[PDB]
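Overview (structure and organization)
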Amino acid sequence: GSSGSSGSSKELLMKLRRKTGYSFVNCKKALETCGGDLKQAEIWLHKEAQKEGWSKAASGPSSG
């Protein structure tokens, strides 16, 4: 349990990588936009996809 330059989210990035499945660079964005929140991070990526259209499959358009 040690670290160097305090100010980075890797442990969460690696986890969110397998959770959602999106590339590392991607998850990183959702993690920064949300603030290290697997939940608020998993929903983001999915949402962005629905709008942008990264993958064919339907992400899941929700209201409010």
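The notes below deal with the structure included here. (Residues numbered from 1 in each chain as written, not as in the entry; some residues may be left out. Heavy atoms only, no water.)

The next thing to look at is the nonpolar core. Grouped together as the largest cluster of nonpolar side chains are eleven residues: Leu13, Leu16, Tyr22, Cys27, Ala30, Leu31, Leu38, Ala41, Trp44, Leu45 and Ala49. At the level of elements, α1 (11–20), α2 (24–34) and α3 (38–52) are the ones that each hand at least two residues to this core. It is α3 that provides the largest number of residues to this core, a total of five residues. Those residues in contact with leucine 45 that sit more than four places away from it in its chain are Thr20, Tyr22, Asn26, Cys27, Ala30 and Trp54. (Core = buried A, V, L, I, M, F, W, Y, C linked by side-chain atoms within 4.5 Å. Buried < 20%, exposed > 50% of the residue type's maximum accessible area, 1.4 Å probe, protein only. Helix = DSSP H or I, 4+ residues; strand = E, 2+ residues; numbered from the N terminus. Contact = heavy atoms within 4.5 Å.)

Moving on: the state of the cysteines. Counted according to the given criterion, the structure contains zero disulfides. Unpaired in terms of disulfides, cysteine 34 finds its nearest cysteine sulfur in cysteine 27, a separation of 10.0 Å. (Disulfide = S-S within 2.5 Å.)

Together, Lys15, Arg17, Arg18 and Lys19 make up a positively charged patch on the protein surface. Summarising the element assignment, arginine 17 is placed in helix α1. On the accessibility criterion, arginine 17 (35% relative accessible area) is partly exposed. (Patch = residues over 30% accessible without salt bridge, like charges linked within 9 Å, V, L, I, M, F, W, Y side chains within 5 Å. Areas by Shrake-Rupley, 256 points an atom, 1.4 Å probe, with all protein chains shown as cover. Salt bridge = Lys/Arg side-chain N within 4 Å of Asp/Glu carboxyl O. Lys, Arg positive; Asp, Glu negative; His and termini not counted. Charge placed at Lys NZ, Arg CZ, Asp CG, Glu CD.)

Function cannot be read off these values alone, since they describe shape.
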